[PDB]
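The structure under discussion appears below in the form of structure tokens.
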Amino acid sequence: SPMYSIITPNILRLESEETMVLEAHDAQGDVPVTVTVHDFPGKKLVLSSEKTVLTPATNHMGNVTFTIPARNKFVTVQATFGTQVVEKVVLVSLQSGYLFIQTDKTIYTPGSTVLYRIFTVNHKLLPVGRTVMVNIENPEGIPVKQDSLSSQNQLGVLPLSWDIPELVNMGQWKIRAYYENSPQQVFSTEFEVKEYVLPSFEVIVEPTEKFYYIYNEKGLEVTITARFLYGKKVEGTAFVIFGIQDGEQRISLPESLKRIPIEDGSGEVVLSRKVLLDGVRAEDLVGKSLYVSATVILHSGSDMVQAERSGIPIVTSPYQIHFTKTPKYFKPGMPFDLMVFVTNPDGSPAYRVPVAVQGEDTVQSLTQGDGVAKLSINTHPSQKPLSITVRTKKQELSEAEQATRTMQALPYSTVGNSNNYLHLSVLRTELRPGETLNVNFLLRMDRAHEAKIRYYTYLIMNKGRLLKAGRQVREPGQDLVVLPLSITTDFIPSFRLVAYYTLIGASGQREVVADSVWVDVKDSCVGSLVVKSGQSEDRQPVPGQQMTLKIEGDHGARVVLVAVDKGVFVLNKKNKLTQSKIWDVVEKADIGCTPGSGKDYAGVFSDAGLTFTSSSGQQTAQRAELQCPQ
Amino acid sequence: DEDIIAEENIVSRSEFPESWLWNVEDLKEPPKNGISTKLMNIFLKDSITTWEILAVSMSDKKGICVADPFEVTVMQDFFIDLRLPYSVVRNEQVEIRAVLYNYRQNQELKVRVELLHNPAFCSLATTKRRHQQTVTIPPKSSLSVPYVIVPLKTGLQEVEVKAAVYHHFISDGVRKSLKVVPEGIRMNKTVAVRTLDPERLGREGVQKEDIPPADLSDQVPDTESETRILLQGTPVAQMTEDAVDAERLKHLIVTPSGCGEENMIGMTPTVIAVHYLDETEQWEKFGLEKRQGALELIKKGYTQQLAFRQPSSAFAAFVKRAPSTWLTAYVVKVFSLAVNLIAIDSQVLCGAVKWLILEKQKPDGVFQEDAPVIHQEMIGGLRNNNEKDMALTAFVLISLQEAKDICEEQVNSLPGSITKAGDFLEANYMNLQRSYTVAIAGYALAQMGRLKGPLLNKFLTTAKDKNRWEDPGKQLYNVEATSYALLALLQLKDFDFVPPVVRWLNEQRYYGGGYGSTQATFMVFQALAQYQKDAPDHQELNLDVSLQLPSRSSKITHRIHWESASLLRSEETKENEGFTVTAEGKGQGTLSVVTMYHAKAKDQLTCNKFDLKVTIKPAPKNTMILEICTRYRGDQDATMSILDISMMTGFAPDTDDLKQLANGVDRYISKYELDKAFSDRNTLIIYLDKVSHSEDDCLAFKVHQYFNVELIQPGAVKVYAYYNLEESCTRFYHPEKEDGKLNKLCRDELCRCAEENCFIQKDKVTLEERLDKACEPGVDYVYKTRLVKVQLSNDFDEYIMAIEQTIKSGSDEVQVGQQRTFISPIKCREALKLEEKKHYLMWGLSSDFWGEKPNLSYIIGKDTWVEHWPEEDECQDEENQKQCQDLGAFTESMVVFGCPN
Ligand SMILES: *[C@H]1O[C@H](CO)[C@@H](O[C@@H]2O[C@H](CO)[C@@H](O[C@@H]3O[C@H](CO)[C@@H](O)[C@H](O)[C@@H]3O)[C@H](O)[C@H]2NC(C)=O)[C@H](O)[C@H]1NC(C)=O
Ligand SMILES: *[C@@H]1O[C@H](CO)[C@@H](O)[C@H](O)[C@H]1NC(C)=O
């Protein structure tokens with residue numbers, strides 16, 4: 001009973017090479033495979049190409065790389081193995097990829113020119129050539145300029161400009177742009193138009209703690225720093241006031257208004273608990289936040305700058321615990337790994353914070369650089385909802401100040417209650433490209449059929465594509481086998497490893513057992529781009545001086561520069577372009593919607609962003625939604 | 001002066017962009033280890049600050065990449081920060097600050113700072129006079145330098161100060177621009193809003209629309225105005241449909257089995273189920289996986305229908321039975337609709353069509369049944385023995401017409417048969433009694449376009465309530481007949497009659513499947529699937545808008561189409577034009593023209609939030625009293641406010657008087673500002689814990705003159721609460737000048753600076769020194785005048801001189817005897833000391849005219865010659881003589897000759 005299988009991504013995309021995994025289990029000799037893609041429903045033949053032969057020498061694992069030209073729309077993926085045909089309807093994303101917009105400045109004066117670049121890249125972040133529509137809306141939301149450019153032969157970089165008229169509405173302006181092929185998916189950047197001049201110094205207000213503890217008698221201590229753009233420390237006088245926000249509404253605390261001398265580029269000012277509680281029961285302030293408003297004036301009165309820190313949370317606990325990184329399904333009786341994610345009240349990862357389950361009792365573990373902690377709990381072979389609660393065991397603190405969180409992990413449901421599981425374990429450390437990962441394959445099943453599991457098939461998911469498939473050899477009796485998986489720049493920022501085995505057992509019944517896992521990799525640039533000083537010496541330059549600017553990057557690439565007066569970012573530092581904001585977008589657009597595993601084998605797959613259809617009828621759930629569940 | 005760098009040697013800093021190096025470079029430099037390295041030479045601008053350099057890369061291999069920022073800090077040991085405001089109002093006197101920073105470790109600097117003269121500005125610096133302060137700056141410190149100026153013409157004007165140190169070769173210059181704006185309020189007016197729709201009122205002579213300019217009659221002179229045209233498109237459509245939910249059809253997926261006839265009864269609901277579901281696209285709601293399995297059942301039905309194909313290409317219940325006319329006509333019907341679904345053989349489908357034509361058609365076109373089908377319930381309304389000569393010839397016809405495209409080149413007798421069977425139906429259409437016959441034959445004729453005239457009228461008036469074709473019998477024969485009717489309506493394209501017919505079918509709630517539900521189920525869903533195809537949906541936005549503006553020479557043609565993600569188009573013109581728009585085509589649009597401009601204002605003052613009175617009085621070297629009086633214009637007492645002060649150049653506040661204010665409650669002055677001294681406390685800030693809103697909060701301190709100099713720069717005080725910069729108030733103070741305002745004569749919105757010499761000069765003034773100075777190319781007018789009336793005021797004196805002789809007439813067509821007003825600043829009333837009924841010899845330039853002809857006024861400027869002419873009986877005095885003989889000789893040397901050149 002040869003079983004032919006097929007795996008593709010939950011959502012197929014247009015004008016991209018989607019990969020398709022072809023398999024033949026318990027097969028003999030060669031096997032001719034033809035792959036077809038049809039529009040749904042009916043026949044129009046979008047991709048006839050892609051025919052291959054599965055060979056005993058490949059254990060019968062093949063691969064077809066195909067492209068789709070070019071309500072929701074669907075294709076019918078078709079796969080004929082010799083005479084046996086397997087087909088599955090799959091969902092197709094219209095999204096051509098992403099658009100990134102970059103303006104020169106953050107703010108502009110009526111009468112000036114806004115310089116802006118559009119970055120046209122597919123889902124894999126590589127530059128692509130398409131037609132792009134570009135709008136420019138005013139504050140009230142009215143377009144006043146639209147361009148219809150194309151990134152053909154343009155290496156994904158579309159430069160553009162717009163002269164702001166002297167007669168124009170002040171406030172937040174928006175540049176909106178989209179792919180001609182996908183008018184639903186839109187990309188936007190805001191830029192401010194205001195009557196302003198560049199100030200000659202900057203003001204930074206930093207509270208000693210990034211949060212406020214309602215029972216801290218000391219209060220909210222703030223350091224008002226002020227230095228000139230060119231480096232020198234500022235001498236002047238500062239006005240500072242405090243306020244309470246919840247959540248879009250702000251309440252100013254008038255009695256917190258202080259006037260402080262700014263000497264040697266610094267100043268200290270404190271909101272005493274007294275004033276806070278008077279300006280409104282204490283626990284009623286938990287959940288709300290604090291803001292600090294600074295106004296620094298040079299003792300000359302020739303220059304004045306306003307700054308502000310906002311969103312200082314009031315909390316009973318200096319931490320938060322999140323299970324957004326731990327899978328929600330275990331293997332009854334098998335070790336279960338937890339990814340506790342401890343943040344600081346603002347949302348930043350908390351380094352070196354010990355955590356533990358309920359009780360415990362030695363069983364601990366510290367949070368690393370990324371704010372993640374690695375807990376492992378031993379399980380009962382029961383099918384009962386595993387419930388786990390976590391702390392949070394920092395000394396210096398107190399049980400009352402410690403944080404907590406509680407999840408619920410369900411058991412992996414087995415094929416006809418066969419009690420055949422698979423578990424993938426990975427050693428937790430910040431994976432950098434260039435390193436090699438030791439993926440652990442632990443097999444659970446009665447020895448009666450254990451000798452039939454000779455290989456696992458694994459699949460790597462990344463950015464939403466099938467980065468790599470392969471086979472992990474297993475000899476009889478080997479519960480645990482290890483896979484030396486090399487990490488490259490291609491795994492950035494995160495990747496999924498899904499692996500499975502198949503066999504005939506029970507009463508001549510076809511069984512598929514799978515397990516997935518989500519691994520974070522050190523976020524960076526896929527390549528590298530460094531900008532530094534060309535001259536190998538000397539101090540600061542003088543106005544009108546010529547200097548050498550070294551640029552170190554990847555051969556062939558195109559670089560687009562810009563130089564802004566850091567004075568501007570004293571006015572507005574918002575809506576800048578960052579590599580981090582890029583990786584932020586990419587991630588939010590994963591077809592994989594879960595840290596790993598799944599209620600069943602059809603769950604592991606679909607949750608991770610894949611489609612598994614066999615010649616035995618073992619198929620996945622039909623994904624009707626482009627978005628992740630919630 | 002001595003041992004310092006002169007003013008003309010100093011090149012000012014001018015390039016102060018906010019962003020630059022907006023470059024696009026390619027990393028093609030030979031790579032070492034996949035690493036390319038580009039070296040760029042750049043000229044850093046003139047800003048003293050820190051630059052942020054942000055690089056983004058794009059590689060077809062490594063994709064996108066944002067690099068970490070690279071900061072470059074540009075600085076200098078000594079420099080000036082000229083801190084302008086964004087904009088200033090024309091004619092409004094304001095103070096500007098210039099800060100000199102000395103960042104040298106332990107080297108104090110004796111500096112000279114000079115404001116340069118600009119005709120667009122009214123300051124202390126003029127053409128022939130510099131405005132230079134000598135000041136000392138201590139190591140590692142800054143020094144504020146105040147200048148007051150007045151912008152006289154709008155636009156991007158330019159201020160520029162320079163500074164140099166003594167005994168060293170250190171110099172700096174800052175040339176910055178600021179936008180000067182007139183006086184008015186932002187006003188937005190709507191010009192034209194018309195509905196662009198040719199056909200509707202916009203006559204068949206495609207709509208023309210005359211659009212007038214905007215009023216803009218109260219537009220303040222010297223301001224731009226932009227006109228924005230806009231093309232809003234009103235789309236709103238809706239040829240709407242409500243298809244039958246798929247969850248109600250789950251039973252229509254039937255496995256086909258049995259013999260020639262029973263196999264067809266089971267392949268029917270399935271083929272018509274897929275077809276309807278493919279067209280209504282409910283496949284998600286029904287279950288997407290179930291389609292593939294329904295394809296097998298349709299292919300399984302067709303495969304099993306090949307075993308009952310007789311050699312004559314015909315079909316019957318069995319293989320030994322005689323072939324059926326109707327069944328073979330149904331096989332054609334079903335297989336003709338399931339072509340895109342499964343692989344229908346052309347040999348099979350067209351073979352049965354060929355058989356029907358050559359074998360089962362009478363000469364007149366009728367089709368005769370010779371072997372009735374064993375299942376007499378699957379046939380529908382043909383079972384009714386009434387008019388089966390029409391019903392069958394109508395059924396077999398539809399089946400032949402739906403196999404047309406497939407069997408045109410394979411069966412050549414088809415065109416002849418189609419028309420033939422249509423000829424018989426057409427002639428006998430007026431003799432039909434059953435509604436069923438009228439419908440099924442009505443669809444058979446509508447397919448040829450042969451359902452017109454009295455026949456068409458009969459088909460339509462056969463409907464009971466105009467929504468159903470019913471006969472007093474079974475309801476499934478009525479569902480069938482309404483289904484053939486709905487098909488005929490769609491063929492003739494009568495979309496006015498359709499909705500009611502379809503609403504009736506939907507309210508029947510028929511979901512196929514049952515005893516003899518073959519026809520009813522195939523037809524009621526063939527009709528409701530073709531209902532979703534014979535859309536349209538809108539209708540169409542196909543507008544062709546042309547804009548002809550008398551300004552531009554080229555026509556502007558816009559095409560707003562539906563199915564285009566926009567429907568909005570705009571055009572902007574800097575000139576208020578009266579243009580015309582011509583639309584063309586289908587669709588209802590909109591045309592909004594919005595102009596923007598600056599309207600005339602009626603003034604506040606403003607300050608709005610603050611009252612301010614500043615007084616400068618002498619003390620009971622110079623030493624004066626500076627009294628400040630302020631008040632908040634709200635309902636509450638303002639919080640921490642600022643009092644920003646500048647001194648009367650060369651004045652320093654009294655230390656002892658300051659200590660006394662600092663210790664005062666609600667008032668603050670930094671230790672910093674205290675221990676400054678005569679050194680350079682030309683600026684001072686008194687912080688106010690509050691200001692009152694009921695009455696004035698007044699302070700006052702003594703100011704001492706440490707460095708006495710001629711022509712002093714008015715002091716300036718500025719208030720404002722800490723939270724808001726815009727809501728400020730600034731008053732000025734000068735010992736003499738009204739309230740710090742520099743002298744300037746204004747009419748309407750035009751102004752000219754008046755800070756200069758009241759007249760030319762005063763060592764012997766001879767006849768030759770008068771003929772030379774009164775014949776310079778510039779000199780226009782020369783009069784011997786008499787002073788009739790002197791009018792005193794608060795700013796400008798007016799000397800109504802009656803001209804007694806025009807020695808050299810100019811551009812002013814003035815006869816002898818008429819009067820001309822001569823204007824002079826108040827500061828010039830003592831130096832001119834002009835008296836009534838006396839005579840004077842005056843001459844000046846043409847730029848010294850004020851107003852419009854013929855009503856011109858004269859300005860006694862620095863090029864105006866004022867000389868006292870002795871009376872008639874005063875020339876007798878033996879001391880006025882020397883002058884009398886010169887003026888009387890200057891009289892006849894200008895009357896007779898005039899000028900040498
Ligand atoms: C699917 O099967 C195809 C063969 O039909 C295979 O694609 C090949 O994938 C390998 C690596 O798995 C590629 O080799 C590598 O390519 C990179 C650049 O992409 C290069 O830098 C490395 O040095 C290495 O040679 C190979 O180019 C590619 N072949 C084709 C068609 O271009 C592969 O076995 C399967 N792909 C998967 C796992 O999705
Ligand atoms: C006029 O200005 C107001 C704000 O003062 C703005 O909201 C409005 O859109 C302007 N009028 C138009 C339609 O241009």
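Here's how to read the names in the structure tokens: chain A, B, ... by the order shown, residue numbers from 1 in each chain, ligand numbers from 1 in the order shown.
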Considering only C-alpha atoms and all ligand atoms, give me a table of residues in chain A that are at most 6 Å from ligand 1, with the closest atom pair and distance in Å for each, as JSON lines.
{"residue": "A:19", "atom": "CA", "partner": "ligand 1", "partner_atom_place_in_ligand_line": "39 (O)", "distance": 5.8}
{"residue": "A:63", "atom": "CA", "partner": "ligand 1", "partner_atom_place_in_ligand_line": "1 (C)", "distance": 4.1}
{"residue": "A:467", "atom": "CA", "partner": "ligand 1", "partner_atom_place_in_ligand_line": "39 (O)", "distance": 5.9}
{"residue": "A:468", "atom": "CA", "partner": "ligand 1", "partner_atom_place_in_ligand_line": "38 (C)", "distance": 3.9}
{"residue": "A:469", "atom": "CA", "partner": "ligand 1", "partner_atom_place_in_ligand_line": "38 (C)", "distance": 4.4}
Same residues, N, CA, C and O atoms, output as a PDB file, in the first residue's frame:
ATOM      1  N   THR A  19       7.575  26.359  -3.279  1.00  0.00           N
ATOM      2  CA  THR A  19       8.145  25.024  -3.362  1.00  0.00           C
ATOM      3  C   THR A  19       7.107  23.983  -2.959  1.00  0.00           C
ATOM      4  O   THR A  19       6.208  24.266  -2.169  1.00  0.00           O
ATOM      5  N   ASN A  63      10.982  17.253  -5.381  1.00  0.00           N
ATOM      6  CA  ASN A  63      10.759  18.674  -5.184  1.00  0.00           C
ATOM      7  C   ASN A  63      10.502  19.405  -6.490  1.00  0.00           C
ATOM      8  O   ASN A  63      11.308  19.341  -7.418  1.00  0.00           O
ATOM      9  N   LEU A 467      12.017  26.938   3.242  1.00  0.00           N
ATOM     10  CA  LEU A 467      13.451  27.184   3.113  1.00  0.00           C
ATOM     11  C   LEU A 467      14.256  25.924   2.822  1.00  0.00           C
ATOM     12  O   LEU A 467      15.259  25.980   2.112  1.00  0.00           O
ATOM     13  N   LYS A 468      13.827  24.791   3.372  1.00  0.00           N
ATOM     14  CA  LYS A 468      14.539  23.535   3.145  1.00  0.00           C
ATOM     15  C   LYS A 468      13.797  22.311   3.667  1.00  0.00           C
ATOM     16  O   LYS A 468      13.233  22.332   4.760  1.00  0.00           O
ATOM     17  N   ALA A 469      13.805  21.248   2.871  1.00  0.00           N
ATOM     18  CA  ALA A 469      13.271  19.960   3.292  1.00  0.00           C
ATOM     19  C   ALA A 469      14.392  18.930   3.271  1.00  0.00           C
ATOM     20  O   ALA A 469      15.399  19.115   2.587  1.00  0.00           O
TER      21      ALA A 469
END
Spatial neighbours of residue B:56, 12 Å, only C-alpha atoms, chain gap at least 4 places, as number ranges by chain: A: 100-102, 117-119, 156-157, 525, 527-531, 551-554, 557-562, 577-579, 582; B: 22-27, 63-69
For the residues selected in the previous step, produce a file with N, CA and C atoms as a compact mmCIF listing (two decimals), in the first residue's frame.
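Listed below is the output, again-v4.txt:
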# COMPACT_ATOMS: atom_id res chain seq x y z
N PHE A 100 8.23 49.55 1.39
CA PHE A 100 8.77 50.41 2.43
C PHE A 100 8.96 51.81 1.87
N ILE A 101 8.57 52.80 2.67
CA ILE A 101 8.72 54.20 2.28
C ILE A 101 9.72 54.87 3.20
N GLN A 102 10.55 55.73 2.63
CA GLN A 102 11.53 56.48 3.39
C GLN A 102 11.52 57.93 2.93
N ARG A 117 11.55 57.86 -0.93
CA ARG A 117 11.87 56.67 -1.69
C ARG A 117 10.93 55.52 -1.35
N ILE A 118 10.50 54.79 -2.37
CA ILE A 118 9.68 53.59 -2.18
C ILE A 118 10.56 52.37 -2.39
N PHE A 119 10.49 51.42 -1.46
CA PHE A 119 11.24 50.19 -1.57
C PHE A 119 10.32 49.02 -1.91
N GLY A 156 14.48 47.94 -7.24
CA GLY A 156 13.58 48.06 -6.10
C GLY A 156 13.56 49.41 -5.39
N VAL A 157 14.23 50.40 -5.97
CA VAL A 157 14.31 51.73 -5.36
C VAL A 157 13.70 52.83 -6.23
N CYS A 525 20.82 42.29 9.62
CA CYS A 525 20.71 42.39 8.17
C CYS A 525 21.13 41.07 7.55
N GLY A 527 22.69 40.62 4.92
CA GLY A 527 24.08 40.80 4.54
C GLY A 527 24.76 41.72 5.53
N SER A 528 25.23 42.86 5.04
CA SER A 528 25.85 43.87 5.89
C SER A 528 25.98 45.21 5.17
N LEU A 529 25.78 46.29 5.91
CA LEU A 529 26.01 47.63 5.40
C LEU A 529 26.54 48.52 6.53
N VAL A 530 27.80 48.91 6.41
CA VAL A 530 28.44 49.75 7.41
C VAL A 530 28.81 51.09 6.80
N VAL A 531 28.49 52.16 7.51
CA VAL A 531 28.93 53.49 7.11
C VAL A 531 29.83 54.08 8.19
N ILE A 551 31.95 53.36 2.81
CA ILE A 551 30.75 52.52 2.84
C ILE A 551 31.11 51.07 2.56
N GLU A 552 30.85 50.19 3.52
CA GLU A 552 31.17 48.78 3.38
C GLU A 552 29.90 47.96 3.21
N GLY A 553 29.75 47.31 2.06
CA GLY A 553 28.55 46.53 1.78
C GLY A 553 28.74 45.35 0.85
N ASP A 554 27.62 44.72 0.49
CA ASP A 554 27.62 43.54 -0.37
C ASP A 554 27.84 43.92 -1.84
N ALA A 557 25.04 45.41 -4.70
CA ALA A 557 23.94 46.16 -4.12
C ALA A 557 23.96 47.64 -4.52
N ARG A 558 22.82 48.30 -4.31
CA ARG A 558 22.70 49.74 -4.53
C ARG A 558 22.37 50.42 -3.21
N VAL A 559 23.11 51.48 -2.88
CA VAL A 559 22.93 52.18 -1.61
C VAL A 559 22.33 53.57 -1.80
N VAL A 560 21.34 53.90 -0.98
CA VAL A 560 20.72 55.22 -1.02
C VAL A 560 20.93 55.96 0.29
N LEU A 561 21.68 57.06 0.23
CA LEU A 561 22.06 57.79 1.43
C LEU A 561 21.15 58.98 1.72
N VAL A 562 21.35 59.55 2.90
CA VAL A 562 20.69 60.79 3.31
C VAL A 562 21.38 61.30 4.58
N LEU A 577 12.88 55.01 9.29
CA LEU A 577 13.04 53.67 8.76
C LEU A 577 14.13 52.93 9.52
N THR A 578 13.84 51.71 9.94
CA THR A 578 14.81 50.89 10.65
C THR A 578 14.79 49.50 10.07
N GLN A 579 15.90 48.78 10.19
CA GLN A 579 15.93 47.38 9.79
C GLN A 579 15.00 46.59 10.70
N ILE A 582 11.48 46.66 9.68
CA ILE A 582 11.33 45.75 8.55
C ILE A 582 11.03 44.34 9.06
N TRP B 22 21.29 63.25 -0.36
CA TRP B 22 20.23 62.38 -0.86
C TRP B 22 20.73 61.67 -2.11
N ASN B 23 21.70 60.78 -1.93
CA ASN B 23 22.39 60.15 -3.06
C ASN B 23 22.04 58.69 -3.30
N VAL B 24 22.31 58.25 -4.52
CA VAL B 24 22.09 56.87 -4.91
C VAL B 24 23.40 56.34 -5.46
N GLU B 25 24.06 55.47 -4.70
CA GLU B 25 25.35 54.94 -5.12
C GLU B 25 25.30 53.43 -5.32
N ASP B 26 26.13 52.92 -6.23
CA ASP B 26 26.20 51.49 -6.49
C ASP B 26 27.52 50.89 -6.03
N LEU B 27 27.44 49.83 -5.23
CA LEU B 27 28.63 49.17 -4.71
C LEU B 27 29.25 48.23 -5.74
N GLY B 63 18.77 41.06 -0.44
CA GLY B 63 17.55 41.82 -0.20
C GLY B 63 17.81 43.21 0.35
N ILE B 64 16.87 43.70 1.14
CA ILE B 64 16.95 45.04 1.71
C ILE B 64 17.80 45.00 2.97
N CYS B 65 18.33 46.16 3.35
CA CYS B 65 19.09 46.29 4.59
C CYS B 65 19.29 47.75 4.99
N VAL B 66 18.80 48.09 6.18
CA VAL B 66 19.00 49.41 6.76
C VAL B 66 20.23 49.36 7.64
N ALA B 67 21.19 50.23 7.38
CA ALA B 67 22.42 50.26 8.17
C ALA B 67 22.25 51.08 9.43
N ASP B 68 23.08 50.80 10.43
CA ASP B 68 23.10 51.59 11.65
C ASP B 68 23.51 53.03 11.31
N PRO B 69 22.88 54.02 11.97
CA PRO B 69 23.18 55.42 11.69
C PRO B 69 24.64 55.78 11.96
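The spacing separating atom CA of residue A:20 from atom CA of residue A:64 amounts to 5.3 Å.
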Ligand 2 neighbours within 8 Å using only C-alpha atoms and all ligand atoms, as an MDAnalysis selection string: (chainID A and resid 140 169) or (chainID B and resid 186:190 594:596)
Closest of B:279, B:345, B:867, B:611 to chain A - atom-to-atom distances counting only C-alpha atoms: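 Nearest candidate to chain A out of B:279, B:345, B:867, B:611: B:279.
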Stretch 165-407 of chain A: residues DSSP assigns to alpha helix (DSSP H), reported as a ChimeraX atom specification: /A:273-278
Those of stretch 151-273 of chain B in DSSP strand (DSSP E), formatted as a PyMOL selection string: chain B and resi 155-165+171-181+184-194+208-210+226-234
Please write the residues from the selection above to a file, keeping C-alpha atoms, as an mmCIF file, in the first residue's frame.
data_model
loop_
_atom_site.group_PDB
_atom_site.id
_atom_site.type_symbol
_atom_site.label_atom_id
_atom_site.label_comp_id
_atom_site.auth_asym_id
_atom_site.auth_seq_id
_atom_site.Cartn_x
_atom_site.Cartn_y
_atom_site.Cartn_z
ATOM 1 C CA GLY B 155 9.310 87.054 0.717
ATOM 2 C CA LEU B 156 12.573 85.276 1.463
ATOM 3 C CA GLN B 157 14.633 88.182 2.818
ATOM 4 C CA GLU B 158 18.035 87.851 4.444
ATOM 5 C CA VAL B 159 19.710 88.823 7.728
ATOM 6 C CA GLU B 160 23.465 88.511 8.139
ATOM 7 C CA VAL B 161 25.867 89.207 10.993
ATOM 8 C CA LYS B 162 29.662 88.907 11.095
ATOM 9 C CA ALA B 163 32.107 88.738 13.993
ATOM 10 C CA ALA B 164 35.869 88.934 14.463
ATOM 11 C CA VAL B 165 38.284 88.792 17.389
ATOM 12 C CA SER B 171 36.420 85.254 12.189
ATOM 13 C CA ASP B 172 32.875 84.008 11.582
ATOM 14 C CA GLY B 173 29.838 84.974 9.500
ATOM 15 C CA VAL B 174 26.235 83.753 9.453
ATOM 16 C CA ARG B 175 23.918 84.465 6.526
ATOM 17 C CA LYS B 176 20.406 83.168 7.230
ATOM 18 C CA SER B 177 17.074 83.794 5.529
ATOM 19 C CA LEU B 178 13.581 84.080 6.982
ATOM 20 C CA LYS B 179 10.210 84.200 5.267
ATOM 21 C CA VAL B 180 8.473 87.567 5.499
ATOM 22 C CA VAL B 181 4.680 87.441 5.238
ATOM 23 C CA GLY B 184 -4.200 88.709 6.768
ATOM 24 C CA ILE B 185 -6.309 85.716 7.750
ATOM 25 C CA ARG B 186 -6.362 82.323 6.021
ATOM 26 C CA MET B 187 -9.573 82.038 4.012
ATOM 27 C CA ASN B 188 -10.866 79.099 1.980
ATOM 28 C CA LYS B 189 -13.670 79.637 -0.529
ATOM 29 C CA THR B 190 -15.645 77.235 -2.722
ATOM 30 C CA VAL B 191 -15.793 78.330 -6.366
ATOM 31 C CA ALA B 192 -17.852 75.736 -8.249
ATOM 32 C CA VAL B 193 -19.605 72.452 -7.446
ATOM 33 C CA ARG B 194 -21.363 70.919 -10.452
ATOM 34 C CA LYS B 208 -20.345 71.985 -20.934
ATOM 35 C CA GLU B 209 -19.588 73.732 -17.638
ATOM 36 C CA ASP B 210 -18.506 77.374 -17.318
ATOM 37 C CA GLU B 226 -3.716 78.232 -5.594
ATOM 38 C CA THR B 227 -6.780 76.821 -7.336
ATOM 39 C CA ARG B 228 -7.458 73.116 -6.836
ATOM 40 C CA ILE B 229 -9.799 71.370 -9.267
ATOM 41 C CA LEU B 230 -11.201 68.000 -8.190
ATOM 42 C CA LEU B 231 -13.019 65.152 -9.958
ATOM 43 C CA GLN B 232 -15.089 63.157 -7.448
ATOM 44 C CA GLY B 233 -16.791 60.098 -8.948
ATOM 45 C CA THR B 234 -20.151 58.825 -7.704
#
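Distance annotation: of B:16, B:504, B:169, B:477, the residue with the minimal separation from residue B:518 is B:477; atom set is only C-alpha atoms.
All residues of protein, DNA or RNA that reach within 7 Å of stretch 294-307 of chain B, judged by only C-alpha atoms and not counting those fewer than 5 positions away in the chain, are residues 253, 255, 256, 260, 263, 267, 270, 271 and 342 of chain B.
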Surrounding residues of residue B:440 excluding itself and chain neighbours under 5 positions, 8 Å, only C-alpha atoms, as a ChimeraX atom specification: /B:391,394-395,481,484-485
Residues near residue A:627, cut-off 12 Å, only C-alpha atoms, skip fewer than 5 positions along chain, as a list in words: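 Contacts, in chain order: residues 10, 11, 72, 91, 92, 93, 588, 589, 590, 591, 592, 593, 607 and 609 of chain A.
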